[PDB]
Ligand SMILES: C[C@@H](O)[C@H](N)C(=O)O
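Form solved without the ligand, single chain, as structure tokens, below.
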């Protein structure tokens, strides 16, 4: 019912198994459970009561996971502040989430449990959260908003994934993502609710430990996976232990999957695409990739998870016919109650008797029931009497061999001067690229300007940060 209940079961029944594995160092379920229960006692002393929220700012590692379990155990919601947060953003989130304490290192004036404080309780009750209680509050961005996910939302996710995956205490999960990215929730509680192991951390170097630590459940975004596949193919690394690669973050194209699939096939490991949004607890669909998916260029996300009811809605509120694009609507136990302190948005994104969340994503239902991601509604744009699929522009640029990644957008140069711009990453001058794109796109879809970048700035979820790339562009033009 709760996540502290999930960790309870696993710690009680398998206390000798390795919970955390950091380098050559190991922490057992029983000791983690003991450490975390001590932390909760600490927090409660500091006045942390049930239903409060606590900021967590720590480098990934044992103290961070212990801190996090501590916070949950005290009955509180944890608010992760990513180390990559500039000071203004941290201050905003802490103020906006109304946190009553912080755990970690401040870069604030409230109650401070340091890291040192956390580290001490290792070698060393309060009331327990319920399913309606908030587990975490994660921020998506641009004005950043908080999504508060409840214990019932998260345990609903793992009950939903129950018979889709075959997980056991024998697995080894890698913790690869920031605790401010909710993909990390799935990583942490994938292992911790099954008795499994959680390995806590160059692509080459990352690839080395995936074999060396015998990772069986790997979670990646498409950008990270391409860099991983290049290192793996390059060194000749083999990963006999790997059972599942699971894909979150940006839309997955067959193109990033094909080289891997050439080397390893699709039988072992299983390649699984999961469409997800923060507002519906990490994951919302499941598709196991097949040779079919590599024959075409469609981004199949498969079928929504078992607890979900859904609709594909037209612009004027109807159910979309088959092959007809539409906005995906999602109802169910994984759907959050709404935003934090965004009563307006919550009003329009969540509507009620299923209560639906409006993804703002376009999808089509194939025959047989499979969903196919078409794109974001917000990225369908009107320019000079034309309607432009920014996503389609991004793909055409991407089809250049020397181009890794690309983001295109409408940029306001002057009050009457709005034009398409593209930023891209190489693995190639704009001239050669310009020449190629004239071949692929009609003139009204061709970017007016090209910006070569070392790497695209991305959100915490790893989706391309449009507001930042625009600002980067304005500054060097």
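Only residues modelled in both forms are compared. Note that the rigid core is defined as the largest set of C-alphas that superpose within 1.5 Å between two forms. Positions refer to the first chain, counted from 1.
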Deposited residues lacking coordinates between residue 352 and residue 353 (none, 1 to 3, 4 to 9, 10 or more): 4 to 9
Between residue 201 and residue 202, the number of deposited residues left without coordinates comes to 4 to 9
Of 465 to 473 vs 5 to 13, the stretch with the larger average CA B-factor in the entry is 465 to 473
For the stretches 432 to 440 and 65 to 73, which has the higher mean C-alpha B-factor as given in the deposited record? 432 to 440
Compare the CA B factors listed in the entry for 262, 376, 288, 177 and report the winner. 376
Take the CA temperature factors straight from the PDB entry and tell me which of 283, 151, 386, 358 peaks. 386
Quick check for you: using the entry's CA B-factors within this chain, is residue 188 in the lowest, middle or highest third? lowest
Can you tell me whether residue 311 has a C-alpha B-factor in the lowest, middle or highest third compared with the other modelled residues of the same chain? highest
Residue 159: CA B-factor among chain residues, third -> lowest
Assert third(CA B-factor, residue 426) within chain per record equals highest
Please rank the C-alpha B-factors of the chain's modelled residues and tell me whether residue 346 sits in the lowest, middle or highest third. middle
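We do not show the form solved in complex with the ligand, though everything after this point is about it.
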Check each of 137, 282, 175, 191 and return the one that places a heavy atom within 4.5 angstroms of the ligand in the bound PDB entry. 282
463, 466, 21, 17: which sits within 4.5 Å of the ligand in the bound PDB entry by any heavy atom? 463
Close approach of residue 183 to the ligand in the bound PDB entry, 4.5 Å, heavy atom: yes
Distance check, residue 346 to the ligand in the bound PDB entry, heavy atom within 4.5 Å: no
With the partner left out here, check for me: in the bound PDB entry, does some heavy atom of residue 278 sit within 4.5 Å of the ligand? yes
Could you tell me if residue 304 has a non-hydrogen atom within 4.5 Å of the ligand in the bound PDB entry? no
Candidate stretches 94 to 102, 288 to 296, 152 to 160, 270 to 278, one within 4.5 Å of the ligand in the bound PDB entry by heavy atom: 270 to 278
Give, in sequence order, every residue of 1 to 19 that has a heavy atom within 4.5 Å of the ligand in the bound PDB entry, or say none if there are no such residues. none
Did residue 20 shift 2 Å or more between this form and the one not shown, C-alpha, core superposed: no
C-alpha of residue 11 off by 2 Å or more between this form and the one not shown on rigid core: no
Rigid-core overlay between this form and the one not shown puts runs of three or more residues with Cα moved 2 angstroms or more at 458 to 464
